[PDB]
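Student: When the letters of the sequence shown are read in order and numbered with the deposited numbering, they come out as residues 303 to 331, 333 to 520. A single structure is presented below for examination.
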Amino acid sequence: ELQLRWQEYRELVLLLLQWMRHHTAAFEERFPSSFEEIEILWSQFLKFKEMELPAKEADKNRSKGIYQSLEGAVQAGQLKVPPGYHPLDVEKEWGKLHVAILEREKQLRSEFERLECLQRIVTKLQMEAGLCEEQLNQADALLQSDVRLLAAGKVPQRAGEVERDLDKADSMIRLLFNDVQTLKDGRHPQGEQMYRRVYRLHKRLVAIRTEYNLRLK
């Protein structure tokens, strides 16, 4: 009877408190590097929030109801509640879990918009790199027409333009290195890859500038 409600309540509150503690910690811990990852995190999150959380809400409120039946005995002294076993301590710990659910929903959305932001930059960077590469091709080809003029004892006619092209490619390469640092910071998983393709653009630039300095300067 009394001993039975009491056992139901303690059993019920013991597990409840463990499941709350477990899940509040679980959250306090997990940053996706991909959309693939975030999809899984969000699915596990919605599963918990929609499938699991409502069962435990039912258990919580059930335990409350069981407690008011026992309340005559608690106040009378016959039953004593272990610290943190009162409906009011279940509630505190439930409030916390609830806050941790809201934070995590916030973080997941913010991570998703971060990934979307890092992808705009990847497109930008890749777009700018093909342009930069074209700009290197234009400078390198102006150079050879000048170098082939010289081999037939004729003067360079585009020296001013080649120098311009390299100044432009140099500006582009510095934009690219910055895009890369913005990815690195954003913890894009390939920040270091993208750095090397830009680094390769820089070496092309240093090789073409060098040759222009010896040959036309």
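The beta-carbon is built from N, C-alpha and C at its ideal position, and this holds for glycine as well.
On the premise that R407 lies in contact with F329, defined as a C-beta separation below 8 Å, what is that separation, rounded to the nearest angstrom?
Tutor: About 5 Å separates the two Cβ atoms, so the contact holds.
Student: I need the DSSP call for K350, collapsed to helix, strand or coil.
Tutor: Here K350 sits in helix by DSSP.
Student: Beta-carbon within less than 8 Å of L411's beta-carbon, same chain only, minus the 5 sequence neighbours each way: which residues are those?
Tutor: Around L411: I341, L344, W345 and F348.
Student: Report the CB separation of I404 from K352 in whole angstroms; it is logged as a contact under 8 Å.
Tutor: 6 Å between Cβ atoms; contact.
Student: Pick out the complete alpha helix (DSSP H) segments inside the stretch 414 to 445, 4 residues or longer, and give them in chain order.
Tutor: The stretch 414 to 445 contains no whole alpha helix (DSSP H) run of 4 or more residues.
Student: Within 10 angstroms of its Cβ, does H324 collect 16 or more other Cβ (buried), or is it exposed?
Tutor: Classification of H324: exposed, given that the 10 Å Cβ count is below 16.
Student: In angstroms, rounded to a whole number, what distance separates the CA positions of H505 and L446?
Tutor: Whole-angstrom Cα-Cα distance: 17 Å.
Student: Please report the residue range of the alpha helix (DSSP H) in which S474 lies.
Tutor: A462 to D488 is the span of the alpha helix (DSSP H), which, as asked, contains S474.
Student: Under the three-state reduction of DSSP, which class applies to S336: helix, strand or coil?
Tutor: Residue state, collapsed to three classes: coil.
Student: Taking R507 as the reference, which of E436, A462 and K487 has the closest Cα?
Tutor: Comparing Cα-Cα distances from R507 to each of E436, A462 and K487, the minimum goes to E436.
Student: What three-state label does DSSP hand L317 in the structure shown?
Tutor: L317: helix per DSSP, three-state reduction.
Student: To which residues of the same chain is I476 closer than 8 Å at the C-beta, ignoring the five residues directly before and after it?
Tutor: So the list reads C435, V501, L504, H505 and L508, once near-sequence residues are dropped.
Student: Excluding the five sequence neighbours on either side, which residues of its own chain have a C-beta within less than 7 Å of the C-beta of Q484, listed in chain order?
Tutor: If we look at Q484 and ignore the five residues flanking it on each side, it has no Cβ neighbours.
Student: Given this structure, state the Cα-to-Cα distance separating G463 from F480, to the nearest angstrom.
Tutor: Taking the straight line joining both Cα atoms gives about 26 Å.
Student: Give the DSSP-derived three-state secondary structure of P390 in the structure shown.
Tutor: Helix at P390.
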